[PDB]
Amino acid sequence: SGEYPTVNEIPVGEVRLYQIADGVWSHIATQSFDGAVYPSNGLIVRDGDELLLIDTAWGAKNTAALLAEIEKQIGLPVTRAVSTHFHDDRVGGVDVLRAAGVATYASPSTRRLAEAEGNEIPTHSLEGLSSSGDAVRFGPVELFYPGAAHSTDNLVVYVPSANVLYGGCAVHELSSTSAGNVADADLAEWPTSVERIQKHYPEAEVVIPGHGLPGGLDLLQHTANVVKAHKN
């Protein structure tokens, strides 16, 4: 009822949306992995009379539920989606999106990693993002490659109209003490990549992590701290 959704408020198999700013929502869904249940976020950005989706809802049925929730709550068509790295919480559901007519996009690095992992593969390659510090425009957002962090391919997304920074899985929520699933991370480079984010987007007003609650700029330094505590 207005608080940021968690697993305890999302009915089984459903998705919730949360209004972040004018024309900006996050989407929240729950999934089980290796016997534990996790929340995950994505983003929705209004693009005139269409919508841009960032990240799937972590699985085929969750992503179908996401599309239905969007139609119920917003009622504008999702025409494009970007996945911000190759893990299932970002691409699992891309087949559902594609079959619904959504054009799906990711960097070439994410596409290669997804294919090699056996994960669903976005259709279209996003060039211009292969070097740390690169940025490109995509509809109403900027896509930025900060360098290796949670994964070597992770992208962040900035919504300039609202000063919303969607960090994806390179950014952790404030309540975290641990650094999440680091199987594919570069813990040594992650703080440098976070520093690049901080330098590029110093006016961000909302920071959204890939899992957990949004907050402010503090999420960036906090993420560096938790990653360093893990590495130690």
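Heads up: residue numbers just count along the shown sequence, starting at 1. Between two forms, the rigid core is the largest collection of C-alphas that superpose within 1.5 Å.
*Asks:* Using the rigid core for superposition, please say which stretch has the greater CA deviation in 9 other deposited structures of this protein, 217-225 or 10-18.
*Replies:* The answer is 10-18, which departs more from the shown form in 9 other deposited structures of this protein.
*Asks:* Quick one: say whether 97-105 or 83-91 has the higher mean Cα B-factor in the deposited entry.
*Replies:* Taking the mean B-factor of the alpha carbons in each, 97-105 is higher.
*Asks:* Could you settle it for me: does 8-16 or 207-215 have the higher average Cα B factor in the PDB entry?
*Replies:* The recorded data point to 8-16.
*Asks:* Highest recorded C-alpha temperature factor, please, choosing from 53, 169, 66, 188.
*Replies:* Answer for 53, 169, 66, 188: 188, with the highest C-alpha B-factor.
*Asks:* Could you tell me which one of 45, 182, 165, 57 shows the highest CA temperature factor in the PDB record?
*Replies:* Among 45, 182, 165, 57, the PDB entry lists the largest C-alpha B-factor for 182.
*Asks:* Check where residue 122 lands among this chain's C-alpha B-factors and tell me if it's the lowest, middle or highest third.
*Replies:* Residue 122: CA B-factor falls in the lowest third of its chain.
*Asks:* What third of its chain's C-alpha B-factors does residue 131 belong to: lowest, middle or highest?
*Replies:* For residue 131, whose C-alpha B-factor we compare with every modelled residue in the chain, the answer is the highest third.
*Asks:* Using the B-factor values recorded in the entry, state whether the Cα atom of residue 175 falls in the lowest, middle or highest third among the modelled residues of its chain.
*Replies:* Its C-alpha B-factor belongs to the highest third of this chain's values.
*Asks:* Among the chain's modelled residues, which third holds the C-alpha B-factor of residue 61?
*Replies:* Middle third.
*Asks:* Pull the Cα B-factor of residue 30 out of the PDB entry and bin it into the chain's lowest, middle or highest third.
*Replies:* Middle third - that is where residue 30 ends up once the chain's C-alpha B-factors are sorted.
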